[PDB]
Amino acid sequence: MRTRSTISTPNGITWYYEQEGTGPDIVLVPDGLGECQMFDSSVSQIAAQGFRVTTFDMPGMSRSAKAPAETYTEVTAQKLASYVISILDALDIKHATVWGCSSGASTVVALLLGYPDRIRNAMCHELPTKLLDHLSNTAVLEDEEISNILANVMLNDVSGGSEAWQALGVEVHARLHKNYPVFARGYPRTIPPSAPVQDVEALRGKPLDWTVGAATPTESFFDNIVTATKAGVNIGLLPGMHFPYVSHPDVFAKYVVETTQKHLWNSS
């Protein structure tokens, strides 16, 4: 019942995508590691509630690696939003609910603000607005050292569940190992400054639902809570840290379903 296929867009990207279900469109945008297998359990649970769910690997990452260098270098929320619109155009998805974490969160807020006719509502999780020198400095290391360091960071610092993270399995971790250097050299210097949350008044009244991880250290996304509250945007918590769709897939799925249902009611 799950489609697993590839599709080429006129910007040069060959996307790997997955799709399951019928009904209103929900699109799950990966975090910066660009790996859509992290959504696998949740895709079936969401689709089973009457939705068409689409996800994809991000350009330059995992099975979407056949892409021009511009799509995975000097990456911004606005570039990623343009790329997501390209694949939604290719798949004839005219109106969608979107979810994203991390650079995915920056991407879905850019999607909602830039393409309002295309976006029913956006769920953003842990949107990075601050430069981290420790992360930006990994870009000058050798690929194998980047992969070793960032594999450790993801498991021990931000996975929000070491057993679930490791249970993604050897095939997923082998793809992430190859993504870490692409992510390190493309994302951490350019993503945070591109955060589309500098204009608080532009967020006010928008169909945005913002979350942070319950277990995440307060300092990590303190600024998200402040910004959301200043904008009057719905702000709450999911269990775990940076990857709730990995750590707590059933809670994640229920959240996506209930949030989409609330906006479908509000739209009529």
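The numbering used is simple: start at 1 and walk along the sequence shown.
In this entry, 128 to 136 shows the higher mean Cα temperature factor of the pair 91 to 99 and 128 to 136. If you average the C-alpha B-factors over 103 to 111 and over 145 to 153, the higher value belongs to 145 to 153. Comparing the C-alpha B-factors of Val197, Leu80, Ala164, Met123 in the entry, the top value falls on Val197.
As recorded in the entry, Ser41 carries the highest CA temperature factor of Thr211, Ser41, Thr216, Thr229. Remark: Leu203 belongs to the middle third of its chain, ranked by C-alpha B-factor as recorded. Ranked by C-alpha B-factor against the other modelled residues of its chain, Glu70 falls in the highest third. Sorting the modelled residues of the chain by their CA temperature factor places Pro244 in the lowest third.
The deposited CA B-factor of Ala47 belongs to the middle third of values across its chain.
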